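All remarks here apply to the structure that follows.
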Amino acid sequence: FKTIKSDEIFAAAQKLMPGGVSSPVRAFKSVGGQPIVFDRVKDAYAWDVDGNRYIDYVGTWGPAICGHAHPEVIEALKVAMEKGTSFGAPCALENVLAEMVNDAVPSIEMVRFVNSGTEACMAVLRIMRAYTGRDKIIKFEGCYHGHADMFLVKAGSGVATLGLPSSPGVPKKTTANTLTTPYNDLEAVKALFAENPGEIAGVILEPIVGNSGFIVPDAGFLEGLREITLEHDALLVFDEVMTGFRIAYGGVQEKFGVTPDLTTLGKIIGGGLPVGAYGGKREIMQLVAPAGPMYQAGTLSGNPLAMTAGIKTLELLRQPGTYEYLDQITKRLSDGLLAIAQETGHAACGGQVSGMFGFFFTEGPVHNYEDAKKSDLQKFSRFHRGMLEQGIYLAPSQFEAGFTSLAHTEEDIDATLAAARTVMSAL
Amino acid sequence: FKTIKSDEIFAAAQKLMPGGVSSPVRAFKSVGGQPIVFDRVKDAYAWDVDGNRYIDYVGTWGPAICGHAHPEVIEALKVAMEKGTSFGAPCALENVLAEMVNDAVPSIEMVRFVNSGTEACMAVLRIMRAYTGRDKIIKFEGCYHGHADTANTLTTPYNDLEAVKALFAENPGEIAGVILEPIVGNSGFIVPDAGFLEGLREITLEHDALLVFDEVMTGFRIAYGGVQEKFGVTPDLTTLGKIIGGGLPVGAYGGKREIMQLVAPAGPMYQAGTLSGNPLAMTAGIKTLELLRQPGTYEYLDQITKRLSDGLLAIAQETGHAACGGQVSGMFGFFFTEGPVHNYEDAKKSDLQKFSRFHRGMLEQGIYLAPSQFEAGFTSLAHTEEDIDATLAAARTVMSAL
Ligand SMILES: Cc1ncc(COP(=O)(O)O)c(C)c1O
Ligand SMILES: Cc1ncc(COP(=O)(O)O)c(C)c1O
Ligand SMILES: NC[C@@H](N)CCC(=O)O
């Protein structure tokens, strides 16, 4: 297994960029160091600058639900750019994508496009406070909503993987407004309200956690949060940047039947280009400028290229059988992995919902971020390297969920299992 | 002058999106409230959904310095997407654009790409505080750095050293640093007075504080190395955007090596992005920077923009309208006031009522200008000698009827 070309690129990259990457998540530090540099991607595969081919389960971290370089998305982009990539003025495509989002997500009646998930979470945070007139926010330990100052408190994703503390450079007076609590703990949430009458703007969370391993909500947890937020006139916000259009066309809120007041979107809406969005109850969105007093702008927001990519991606997802195929092949992958740990003598546990899954090296079960930190990170590191050599590409972290796409085949799944068998037997 | 199709589209939009737009200024509230919807852009022109053609002086707010839909940029983008648009892992192209940026911007020794000028400003503010361990920051009235906000932000008037000195004297050992637009564009075109930039450089060094340049709009337009290269003052950290994205969503922040080392994964300060550094944005940036390094680029922009700026100010003379303006390279200004304009306060003395009418008039003559008095104008390498003459001819007709 040669990675000569990647080490060269990476070695030179560390002199030009912090840690040689554009995002900490691409580090590989907690998994043995030395990342592989990609040359190209297509359907369910990725290729090294060294020629190695892999069955990809990261999917550029979520966007590639239709598979990499889907031919209908690329053809639509070629035709579109002939007309220019950015106008800086209104265009017909913004109206089209807007309607599609409103019909798809239950809580969204009015939307606003931005360029990333971080931009979407920052804006919804500022709108939560502006609408209720309150300053405090409640977030769960292990969840991640981009890097806006108030959110850098007990965050998951890279921070967890890298074992970092609440980031420095952010004034203690701003983080004082951020209240935390364990995931799946309704009682802890009631206490917070009890001790802070008239101060909580609302609650923000990942309807189904993906940034501290794959975690599903306990029975009654989402319904419970919806109940107590109504009691105290607080807002319930769903960050579906990762789950939107993946767990279901209308996201987790559609699948589990609970409707929030505001929800965020990203990744898949961009079909591969930089895009984000936030929308919800009309009476709330009315406060956004130029309709209202809360200012929020963006130069490239709503450019024709990105709109074109989002439109085409949602049309493909609307075809019948889409979400059923995703559940079918992902369940077979999840169950298989669990059966194999069992036979080789390894404690493990996991699960899947649609095309999202998780696999921990601990017997658990896993109900929160604390249970997850009990996984054998030493074993996971060896497991990850072994898979990489057998030609399977997994997220370089025990705290990241994995993904499948419409381009993954029954054969690709079987090949992944055969590879898991070989690796685990030698652990 | 028919705008039937635009009015219909914009009307349906207000029921789907806040105020019917993705960004405030696009709604035309400062000049009537009736925006025109674009269908396509090319070279120096733009086209209506009604078939109308305009000579564009907005250039999608900065990025289109090489002209709309440059054939060599579009061609490179077509070849690159056959390999995929996003990887989620390192790619060789990140190294390329990164080196080009380090070699072009004086103060940049190490860089991190992001997805907008806004993400860059968020990151740079947090990095300023983490490096010094202080919480106070100074910005100027009339300058824009995204919405990164909070009594930890002190403001002062642009072009006023004294007010800055005072702020340090009242908050000893609490100021992390100062951030500003080396040349203002987000509240009209405003150049810095003699010794103002030098003043700030020296005053920040005395207190072990940082100096930060937000060159999202000036970088690569005023000069290849931005304002810091043309005027000779070197900051500690700088933000970039617009042009390095060549038309796609891109941003960046860099500076001295030792300061950038705090950015994860190399350091404790956290900042990330799923789409950061994708091969499509990098390809657009590389090719845009290559076209700018061609001979006579910035000379040409100054040549045609001086004719335009001077002509305009002269036309206002003949027709009897108080006015003042100016230009540096391919960036110009023009206010309906005798001026001069040294800060945000002087700029507000403009006769908005007159600007609104002047705007519609030019729009009808086939000239598209920023829908606001507090926005700078732009020219590109695609604007020709004739395009400039036709614009001056149109301004004569409009100002002779105000
Ligand atoms: C749930 C969730 N919200 C927000 C973000 C940040 O979005 P982006 O990386 O596009 O800024 C991520 C990565 C995420 O997984
Ligand atoms: C000086 C300046 N700073 C920041 C920004 C924000 O960049 P963007 O709109 O890409 O977020 C702009 C547009 C700008 O001109
Ligand atoms: N770790 C969470 C992923 N969705 C991506 C993070 C990133 O690269 O910014």
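Quick note on naming: the chains in the structure tokens go A, B, ... in the order shown, residues restart at 1 in each chain, and ligands are numbered from 1 in order of appearance.
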Can you tell me which residues come within 10 Å of ligand 1 when counting only C-alpha atoms and all ligand atoms, ideally as a PDB file with N, CA, C and O atoms, in the first residue's frame?
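Generated output (out_16.pdb):
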ATOM      1  N   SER A  23      -9.699  22.395   6.778  1.00  0.00           N
ATOM      2  CA  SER A  23     -10.662  22.044   7.824  1.00  0.00           C
ATOM      3  C   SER A  23     -10.033  20.970   8.728  1.00  0.00           C
ATOM      4  O   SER A  23      -9.604  19.923   8.245  1.00  0.00           O
ATOM      5  N   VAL A  25     -11.119  18.685  10.522  1.00  0.00           N
ATOM      6  CA  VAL A  25     -11.703  17.361  10.375  1.00  0.00           C
ATOM      7  C   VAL A  25     -10.910  16.455   9.435  1.00  0.00           C
ATOM      8  O   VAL A  25     -10.948  15.235   9.572  1.00  0.00           O
ATOM      9  N   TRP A  61     -18.605  14.535   3.170  1.00  0.00           N
ATOM     10  CA  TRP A  61     -19.276  14.841   4.427  1.00  0.00           C
ATOM     11  C   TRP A  61     -20.779  15.081   4.370  1.00  0.00           C
ATOM     12  O   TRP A  61     -21.324  15.778   5.222  1.00  0.00           O
ATOM     13  N   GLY A  62     -21.450  14.495   3.379  1.00  0.00           N
ATOM     14  CA  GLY A  62     -22.894  14.648   3.283  1.00  0.00           C
ATOM     15  C   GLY A  62     -23.523  15.060   1.958  1.00  0.00           C
ATOM     16  O   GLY A  62     -24.555  14.507   1.572  1.00  0.00           O
ATOM     17  N   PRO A  63     -22.942  16.029   1.235  1.00  0.00           N
ATOM     18  CA  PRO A  63     -23.503  16.478  -0.047  1.00  0.00           C
ATOM     19  C   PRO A  63     -23.769  15.430  -1.145  1.00  0.00           C
ATOM     20  O   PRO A  63     -24.763  15.528  -1.867  1.00  0.00           O
ATOM     21  N   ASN A 115     -24.380  31.134   2.211  1.00  0.00           N
ATOM     22  CA  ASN A 115     -23.379  30.302   1.552  1.00  0.00           C
ATOM     23  C   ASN A 115     -22.863  29.056   2.290  1.00  0.00           C
ATOM     24  O   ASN A 115     -22.160  28.246   1.694  1.00  0.00           O
ATOM     25  N   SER A 116     -23.218  28.881   3.563  1.00  0.00           N
ATOM     26  CA  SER A 116     -22.783  27.686   4.309  1.00  0.00           C
ATOM     27  C   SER A 116     -23.663  27.375   5.517  1.00  0.00           C
ATOM     28  O   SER A 116     -24.542  28.159   5.878  1.00  0.00           O
ATOM     29  N   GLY A 117     -23.426  26.218   6.130  1.00  0.00           N
ATOM     30  CA  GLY A 117     -24.185  25.819   7.304  1.00  0.00           C
ATOM     31  C   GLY A 117     -23.856  26.719   8.483  1.00  0.00           C
ATOM     32  O   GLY A 117     -24.726  27.052   9.296  1.00  0.00           O
ATOM     33  N   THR A 118     -22.589  27.108   8.580  1.00  0.00           N
ATOM     34  CA  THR A 118     -22.141  28.002   9.638  1.00  0.00           C
ATOM     35  C   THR A 118     -22.903  29.325   9.517  1.00  0.00           C
ATOM     36  O   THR A 118     -23.393  29.858  10.514  1.00  0.00           O
ATOM     37  N   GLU A 119     -23.019  29.844   8.296  1.00  0.00           N
ATOM     38  CA  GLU A 119     -23.748  31.099   8.076  1.00  0.00           C
ATOM     39  C   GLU A 119     -25.224  30.933   8.414  1.00  0.00           C
ATOM     40  O   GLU A 119     -25.863  31.867   8.880  1.00  0.00           O
ATOM     41  N   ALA A 120     -25.774  29.748   8.173  1.00  0.00           N
ATOM     42  CA  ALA A 120     -27.186  29.513   8.469  1.00  0.00           C
ATOM     43  C   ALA A 120     -27.439  29.432   9.978  1.00  0.00           C
ATOM     44  O   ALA A 120     -28.434  29.951  10.481  1.00  0.00           O
ATOM     45  N   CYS A 121     -26.536  28.787  10.703  1.00  0.00           N
ATOM     46  CA  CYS A 121     -26.718  28.662  12.135  1.00  0.00           C
ATOM     47  C   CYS A 121     -26.494  29.981  12.866  1.00  0.00           C
ATOM     48  O   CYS A 121     -27.166  30.271  13.855  1.00  0.00           O
ATOM     49  N   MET A 122     -25.565  30.789  12.371  1.00  0.00           N
ATOM     50  CA  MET A 122     -25.293  32.085  12.983  1.00  0.00           C
ATOM     51  C   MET A 122     -26.512  33.003  12.842  1.00  0.00           C
ATOM     52  O   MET A 122     -26.908  33.668  13.796  1.00  0.00           O
ATOM     53  N   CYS A 143     -23.106  18.218  20.385  1.00  0.00           N
ATOM     54  CA  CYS A 143     -23.652  18.719  19.131  1.00  0.00           C
ATOM     55  C   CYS A 143     -22.775  19.815  18.532  1.00  0.00           C
ATOM     56  O   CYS A 143     -22.052  20.507  19.251  1.00  0.00           O
ATOM     57  N   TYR A 144     -22.846  19.971  17.211  1.00  0.00           N
ATOM     58  CA  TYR A 144     -22.054  20.987  16.510  1.00  0.00           C
ATOM     59  C   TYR A 144     -22.911  21.803  15.530  1.00  0.00           C
ATOM     60  O   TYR A 144     -23.623  21.237  14.711  1.00  0.00           O
ATOM     61  N   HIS A 145     -22.849  23.129  15.621  1.00  0.00           N
ATOM     62  CA  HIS A 145     -23.625  23.986  14.722  1.00  0.00           C
ATOM     63  C   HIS A 145     -22.757  25.068  14.079  1.00  0.00           C
ATOM     64  O   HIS A 145     -23.125  26.242  14.088  1.00  0.00           O
ATOM     65  N   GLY A 146     -21.614  24.682  13.516  1.00  0.00           N
ATOM     66  CA  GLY A 146     -20.740  25.664  12.892  1.00  0.00           C
ATOM     67  C   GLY A 146     -19.879  26.321  13.950  1.00  0.00           C
ATOM     68  O   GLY A 146     -20.013  25.989  15.129  1.00  0.00           O
ATOM     69  N   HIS A 147     -19.023  27.266  13.561  1.00  0.00           N
ATOM     70  CA  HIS A 147     -18.132  27.902  14.534  1.00  0.00           C
ATOM     71  C   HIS A 147     -18.418  29.317  15.010  1.00  0.00           C
ATOM     72  O   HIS A 147     -17.485  30.057  15.330  1.00  0.00           O
ATOM     73  N   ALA A 148     -19.684  29.714  15.064  1.00  0.00           N
ATOM     74  CA  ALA A 148     -19.996  31.045  15.567  1.00  0.00           C
ATOM     75  C   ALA A 148     -19.661  31.018  17.070  1.00  0.00           C
ATOM     76  O   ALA A 148     -19.909  30.015  17.751  1.00  0.00           O
ATOM     77  N   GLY A 156     -19.071  19.071  19.278  1.00  0.00           N
ATOM     78  CA  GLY A 156     -18.628  17.775  18.810  1.00  0.00           C
ATOM     79  C   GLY A 156     -17.761  17.950  17.579  1.00  0.00           C
ATOM     80  O   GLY A 156     -16.972  18.896  17.503  1.00  0.00           O
ATOM     81  N   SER A 157     -17.907  17.043  16.617  1.00  0.00           N
ATOM     82  CA  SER A 157     -17.135  17.102  15.381  1.00  0.00           C
ATOM     83  C   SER A 157     -15.624  17.135  15.654  1.00  0.00           C
ATOM     84  O   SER A 157     -15.127  16.399  16.505  1.00  0.00           O
ATOM     85  N   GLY A 158     -14.903  17.995  14.940  1.00  0.00           N
ATOM     86  CA  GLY A 158     -13.460  18.092  15.107  1.00  0.00           C
ATOM     87  C   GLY A 158     -12.953  18.317  16.523  1.00  0.00           C
ATOM     88  O   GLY A 158     -11.958  17.723  16.930  1.00  0.00           O
ATOM     89  N   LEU A 205     -30.766  21.997  18.441  1.00  0.00           N
ATOM     90  CA  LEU A 205     -30.163  20.667  18.493  1.00  0.00           C
ATOM     91  C   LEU A 205     -30.199  19.945  17.158  1.00  0.00           C
ATOM     92  O   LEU A 205     -30.874  20.366  16.212  1.00  0.00           O
ATOM     93  N   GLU A 206     -29.465  18.840  17.102  1.00  0.00           N
ATOM     94  CA  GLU A 206     -29.449  17.991  15.924  1.00  0.00           C
ATOM     95  C   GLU A 206     -30.564  16.988  16.208  1.00  0.00           C
ATOM     96  O   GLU A 206     -30.427  16.162  17.108  1.00  0.00           O
ATOM     97  N   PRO A 207     -31.687  17.058  15.462  1.00  0.00           N
ATOM     98  CA  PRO A 207     -32.802  16.124  15.685  1.00  0.00           C
ATOM     99  C   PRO A 207     -32.273  14.691  15.859  1.00  0.00           C
ATOM    100  O   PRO A 207     -32.751  13.948  16.711  1.00  0.00           O
ATOM    101  N   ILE A 208     -31.289  14.313  15.044  1.00  0.00           N
ATOM    102  CA  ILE A 208     -30.610  13.025  15.185  1.00  0.00           C
ATOM    103  C   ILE A 208     -29.146  13.423  15.136  1.00  0.00           C
ATOM    104  O   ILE A 208     -28.688  13.997  14.152  1.00  0.00           O
ATOM    105  N   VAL A 209     -28.424  13.138  16.211  1.00  0.00           N
ATOM    106  CA  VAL A 209     -27.022  13.502  16.307  1.00  0.00           C
ATOM    107  C   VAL A 209     -26.126  12.791  15.308  1.00  0.00           C
ATOM    108  O   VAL A 209     -26.302  11.601  15.036  1.00  0.00           O
ATOM    109  N   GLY A 210     -25.160  13.535  14.771  1.00  0.00           N
ATOM    110  CA  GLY A 210     -24.218  12.969  13.828  1.00  0.00           C
ATOM    111  C   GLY A 210     -22.783  13.395  14.101  1.00  0.00           C
ATOM    112  O   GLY A 210     -21.853  12.809  13.550  1.00  0.00           O
ATOM    113  N   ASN A 211     -22.593  14.392  14.964  1.00  0.00           N
ATOM    114  CA  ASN A 211     -21.253  14.905  15.266  1.00  0.00           C
ATOM    115  C   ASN A 211     -20.579  14.469  16.568  1.00  0.00           C
ATOM    116  O   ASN A 211     -19.763  15.199  17.131  1.00  0.00           O
ATOM    117  N   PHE A 238     -34.358  23.271  14.846  1.00  0.00           N
ATOM    118  CA  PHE A 238     -33.741  22.037  14.358  1.00  0.00           C
ATOM    119  C   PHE A 238     -32.597  22.302  13.379  1.00  0.00           C
ATOM    120  O   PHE A 238     -32.803  22.905  12.323  1.00  0.00           O
ATOM    121  N   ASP A 239     -31.394  21.858  13.725  1.00  0.00           N
ATOM    122  CA  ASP A 239     -30.266  22.009  12.820  1.00  0.00           C
ATOM    123  C   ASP A 239     -30.259  20.733  11.980  1.00  0.00           C
ATOM    124  O   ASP A 239     -29.817  19.678  12.450  1.00  0.00           O
ATOM    125  N   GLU A 240     -30.767  20.826  10.752  1.00  0.00           N
ATOM    126  CA  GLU A 240     -30.820  19.679   9.853  1.00  0.00           C
ATOM    127  C   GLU A 240     -29.851  19.838   8.683  1.00  0.00           C
ATOM    128  O   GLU A 240     -30.090  19.322   7.589  1.00  0.00           O
ATOM    129  N   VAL A 241     -28.749  20.547   8.926  1.00  0.00           N
ATOM    130  CA  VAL A 241     -27.742  20.755   7.901  1.00  0.00           C
ATOM    131  C   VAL A 241     -27.238  19.413   7.392  1.00  0.00           C
ATOM    132  O   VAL A 241     -26.965  19.259   6.204  1.00  0.00           O
ATOM    133  N   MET A 242     -27.132  18.441   8.294  1.00  0.00           N
ATOM    134  CA  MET A 242     -26.652  17.108   7.942  1.00  0.00           C
ATOM    135  C   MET A 242     -27.787  16.109   7.681  1.00  0.00           C
ATOM    136  O   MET A 242     -27.682  15.261   6.795  1.00  0.00           O
ATOM    137  N   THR A 243     -28.876  16.221   8.437  1.00  0.00           N
ATOM    138  CA  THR A 243     -30.003  15.298   8.298  1.00  0.00           C
ATOM    139  C   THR A 243     -31.036  15.676   7.244  1.00  0.00           C
ATOM    140  O   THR A 243     -31.760  14.814   6.748  1.00  0.00           O
ATOM    141  N   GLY A 244     -31.120  16.960   6.913  1.00  0.00           N
ATOM    142  CA  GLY A 244     -32.082  17.396   5.918  1.00  0.00           C
ATOM    143  C   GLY A 244     -31.876  16.691   4.590  1.00  0.00           C
ATOM    144  O   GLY A 244     -30.747  16.568   4.112  1.00  0.00           O
ATOM    145  N   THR A 264     -32.426  24.818  10.043  1.00  0.00           N
ATOM    146  CA  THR A 264     -31.304  25.208   9.191  1.00  0.00           C
ATOM    147  C   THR A 264     -31.035  24.123   8.149  1.00  0.00           C
ATOM    148  O   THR A 264     -31.385  22.961   8.349  1.00  0.00           O
ATOM    149  N   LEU A 265     -30.427  24.514   7.030  1.00  0.00           N
ATOM    150  CA  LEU A 265     -30.132  23.579   5.944  1.00  0.00           C
ATOM    151  C   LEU A 265     -28.762  23.841   5.305  1.00  0.00           C
ATOM    152  O   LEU A 265     -28.261  24.968   5.314  1.00  0.00           O
ATOM    153  N   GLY A 266     -28.164  22.789   4.757  1.00  0.00           N
ATOM    154  CA  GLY A 266     -26.873  22.913   4.110  1.00  0.00           C
ATOM    155  C   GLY A 266     -26.526  21.643   3.356  1.00  0.00           C
ATOM    156  O   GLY A 266     -27.397  20.814   3.071  1.00  0.00           O
ATOM    157  N   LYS A 267     -25.250  21.500   3.025  1.00  0.00           N
ATOM    158  CA  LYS A 267     -24.750  20.330   2.313  1.00  0.00           C
ATOM    159  C   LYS A 267     -25.545  19.941   1.062  1.00  0.00           C
ATOM    160  O   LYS A 267     -25.359  20.522  -0.007  1.00  0.00           O
ATOM    161  N   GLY A 270     -26.832  22.185  -1.707  1.00  0.00           N
ATOM    162  CA  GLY A 270     -25.860  22.745  -2.630  1.00  0.00           C
ATOM    163  C   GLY A 270     -25.411  21.774  -3.708  1.00  0.00           C
ATOM    164  O   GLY A 270     -24.702  22.151  -4.639  1.00  0.00           O
ATOM    165  N   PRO A 274     -21.055  25.521  -2.590  1.00  0.00           N
ATOM    166  CA  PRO A 274     -21.315  26.140  -1.279  1.00  0.00           C
ATOM    167  C   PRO A 274     -22.717  26.752  -1.136  1.00  0.00           C
ATOM    168  O   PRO A 274     -23.021  27.750  -1.780  1.00  0.00           O
ATOM    169  N   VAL A 275     -23.566  26.156  -0.297  1.00  0.00           N
ATOM    170  CA  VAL A 275     -24.921  26.668  -0.077  1.00  0.00           C
ATOM    171  C   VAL A 275     -25.455  26.380   1.335  1.00  0.00           C
ATOM    172  O   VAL A 275     -25.083  25.399   1.978  1.00  0.00           O
ATOM    173  N   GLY A 276     -26.332  27.252   1.813  1.00  0.00           N
ATOM    174  CA  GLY A 276     -26.928  27.065   3.123  1.00  0.00           C
ATOM    175  C   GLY A 276     -28.270  27.769   3.114  1.00  0.00           C
ATOM    176  O   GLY A 276     -28.584  28.458   2.140  1.00  0.00           O
ATOM    177  N   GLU A 400     -17.786  10.655  14.086  1.00  0.00           N
ATOM    178  CA  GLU A 400     -18.480  11.113  12.882  1.00  0.00           C
ATOM    179  C   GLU A 400     -19.335   9.978  12.307  1.00  0.00           C
ATOM    180  O   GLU A 400     -18.897   8.827  12.245  1.00  0.00           O
ATOM    181  N   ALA A 401     -20.556  10.296  11.900  1.00  0.00           N
ATOM    182  CA  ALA A 401     -21.432   9.292  11.308  1.00  0.00           C
ATOM    183  C   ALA A 401     -20.964   9.056   9.869  1.00  0.00           C
ATOM    184  O   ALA A 401     -20.274   9.899   9.292  1.00  0.00           O
TER     185      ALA A 401
ATOM    186  N   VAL B 114     -11.788  29.848   3.210  1.00  0.00           N
ATOM    187  CA  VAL B 114     -13.130  29.702   3.780  1.00  0.00           C
ATOM    188  C   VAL B 114     -14.132  29.888   2.642  1.00  0.00           C
ATOM    189  O   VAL B 114     -13.736  29.918   1.481  1.00  0.00           O
ATOM    190  N   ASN B 115     -15.417  30.029   2.955  1.00  0.00           N
ATOM    191  CA  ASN B 115     -16.416  30.152   1.907  1.00  0.00           C
ATOM    192  C   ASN B 115     -17.023  31.525   1.626  1.00  0.00           C
ATOM    193  O   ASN B 115     -17.861  31.657   0.736  1.00  0.00           O
ATOM    194  N   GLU B 119     -17.137  34.604   6.701  1.00  0.00           N
ATOM    195  CA  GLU B 119     -16.515  33.574   7.531  1.00  0.00           C
ATOM    196  C   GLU B 119     -15.099  34.029   7.887  1.00  0.00           C
ATOM    197  O   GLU B 119     -14.628  33.811   9.001  1.00  0.00           O
ATOM    198  N   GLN B 271     -12.083  26.415  13.978  1.00  0.00           N
ATOM    199  CA  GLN B 271     -12.722  27.023  12.813  1.00  0.00           C
ATOM    200  C   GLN B 271     -12.739  25.959  11.720  1.00  0.00           C
ATOM    201  O   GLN B 271     -11.713  25.344  11.432  1.00  0.00           O
ATOM    202  N   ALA B 272     -13.899  25.735  11.115  1.00  0.00           N
ATOM    203  CA  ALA B 272     -14.007  24.714  10.077  1.00  0.00           C
ATOM    204  C   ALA B 272     -14.961  25.064   8.926  1.00  0.00           C
ATOM    205  O   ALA B 272     -15.583  26.129   8.902  1.00  0.00           O
ATOM    206  N   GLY B 273     -15.065  24.149   7.968  1.00  0.00           N
ATOM    207  CA  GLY B 273     -15.933  24.361   6.830  1.00  0.00           C
ATOM    208  C   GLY B 273     -15.956  23.143   5.928  1.00  0.00           C
ATOM    209  O   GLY B 273     -14.914  22.688   5.453  1.00  0.00           O
ATOM    210  N   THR B 274     -17.155  22.619   5.686  1.00  0.00           N
ATOM    211  CA  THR B 274     -17.333  21.443   4.847  1.00  0.00           C
ATOM    212  C   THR B 274     -16.881  21.678   3.411  1.00  0.00           C
ATOM    213  O   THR B 274     -16.136  20.878   2.856  1.00  0.00           O
ATOM    214  N   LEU B 275     -17.323  22.778   2.817  1.00  0.00           N
ATOM    215  CA  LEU B 275     -16.977  23.098   1.437  1.00  0.00           C
ATOM    216  C   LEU B 275     -15.675  23.876   1.257  1.00  0.00           C
ATOM    217  O   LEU B 275     -15.303  24.202   0.128  1.00  0.00           O
ATOM    218  N   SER B 276     -14.978  24.172   2.349  1.00  0.00           N
ATOM    219  CA  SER B 276     -13.735  24.930   2.238  1.00  0.00           C
ATOM    220  C   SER B 276     -12.699  24.233   1.368  1.00  0.00           C
ATOM    221  O   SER B 276     -12.471  23.027   1.491  1.00  0.00           O
TER     222      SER B 276
END
For this session: Using only C-alpha atoms, select each residue of chain A with any atom at most 6 Å away from an atom of chain B, and give the selection as a PyMOL selection string.
Result: chain A and resi 16-19+22-24+26+37-38+40-41+60+69+83-91+95+110-113+147+167-169+272+274+289-291+297-298+300-301
Exercise. Residues at most 9 Å from residue A:214, counting only C-alpha atoms, excluding those fewer than 5 positions away in the same chain, as number ranges by chain?
Worked result: A: 208-209, 350-352, 356-360, 366, 399-402
Keeping only C-alpha atoms, write those residues as a PDB file, in the first residue's frame.
ATOM      1  CA  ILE A 208     -30.610  13.025  15.185  1.00  0.00           C
ATOM      2  CA  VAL A 209     -27.022  13.502  16.307  1.00  0.00           C
ATOM      3  CA  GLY A 350     -24.608   0.866  16.387  1.00  0.00           C
ATOM      4  CA  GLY A 351     -27.616   1.552  14.192  1.00  0.00           C
ATOM      5  CA  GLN A 352     -28.949   3.303  11.091  1.00  0.00           C
ATOM      6  CA  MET A 356     -26.975   7.507   7.897  1.00  0.00           C
ATOM      7  CA  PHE A 357     -25.213   5.029  10.220  1.00  0.00           C
ATOM      8  CA  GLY A 358     -22.764   4.638  13.098  1.00  0.00           C
ATOM      9  CA  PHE A 359     -20.458   1.974  14.563  1.00  0.00           C
ATOM     10  CA  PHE A 360     -18.888   2.152  18.072  1.00  0.00           C
ATOM     11  CA  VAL A 366     -24.847   4.882  23.423  1.00  0.00           C
ATOM     12  CA  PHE A 399     -17.224  10.678  16.467  1.00  0.00           C
ATOM     13  CA  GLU A 400     -18.480  11.113  12.882  1.00  0.00           C
ATOM     14  CA  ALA A 401     -21.432   9.292  11.308  1.00  0.00           C
ATOM     15  CA  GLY A 402     -20.929   7.604   7.933  1.00  0.00           C
TER      16      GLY A 402
END
For this session: List the neighbours of residue A:52 out to 10 Å using only C-alpha atoms; skip same-chain residues closer than 2 positions along the sequence, and give me the result as a VMD selection string.
Result: chain A and resid 1 to 3 36 38 to 39 46 to 50 54 388 to 389 391
Report the residues of stretch 57-114 of chain A whose backbone DSSP state falls under strand (DSSP E or B), written as a PDB file with N, CA and C atoms, in the first residue's frame.
ATOM      1  N   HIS A  68     -21.096  10.968  -6.348  1.00  0.00           N
ATOM      2  CA  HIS A  68     -20.188  11.993  -6.850  1.00  0.00           C
ATOM      3  C   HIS A  68     -20.374  12.244  -8.350  1.00  0.00           C
ATOM      4  N   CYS A  91     -32.479  36.778  -9.670  1.00  0.00           N
ATOM      5  CA  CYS A  91     -32.553  35.907 -10.847  1.00  0.00           C
ATOM      6  C   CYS A  91     -33.722  34.932 -10.665  1.00  0.00           C
ATOM      7  N   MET A 110     -41.078  30.449   4.634  1.00  0.00           N
ATOM      8  CA  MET A 110     -40.315  31.530   4.011  1.00  0.00           C
ATOM      9  C   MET A 110     -38.839  31.166   4.217  1.00  0.00           C
ATOM     10  N   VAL A 111     -38.000  31.352   3.193  1.00  0.00           N
ATOM     11  CA  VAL A 111     -36.574  30.988   3.297  1.00  0.00           C
ATOM     12  C   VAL A 111     -35.619  32.091   2.881  1.00  0.00           C
ATOM     13  N   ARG A 112     -34.366  31.949   3.298  1.00  0.00           N
ATOM     14  CA  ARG A 112     -33.307  32.891   2.962  1.00  0.00           C
ATOM     15  C   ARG A 112     -32.039  32.082   2.725  1.00  0.00           C
ATOM     16  N   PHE A 113     -31.446  32.251   1.551  1.00  0.00           N
ATOM     17  CA  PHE A 113     -30.235  31.519   1.198  1.00  0.00           C
ATOM     18  C   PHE A 113     -28.950  32.212   1.639  1.00  0.00           C
ATOM     19  N   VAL A 114     -28.000  31.412   2.121  1.00  0.00           N
ATOM     20  CA  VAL A 114     -26.691  31.903   2.540  1.00  0.00           C
ATOM     21  C   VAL A 114     -25.657  31.004   1.862  1.00  0.00           C
TER      22      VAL A 114
END
Exercise. Which of these residues is nearest to residue B:213, using only C-alpha atoms: B:195, B:106, B:157, B:172?
Worked result: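 Smallest distance to residue B:213 is found for B:106.
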For this session: Would you return as number ranges by chain the members of stretch 83-302 of chain B that DSSP assigns to helix (DSSP H, G or I) on this structure's backbone?
Result: B: 83, 92-104, 117-132, 161-170, 196-206, 226-230, 242-245, 257-260, 279-292, 297-302
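One distance worth recording is that between atom CA of residue B:170 and atom CA of residue B:149, which is 21.6 Å.
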Exercise. Which neighbours of stretch 367-376 of chain B fall inside 9 Å, counting only C-alpha atoms, when residues of the same chain fewer than 3 positions from it are skipped, and could you give them as a PyMOL selection string?
Worked result: chain B and resi 25-31+35+46+53-58+61+184-190+331-336+347-348+350+352+355-356+359+361-364+391+394
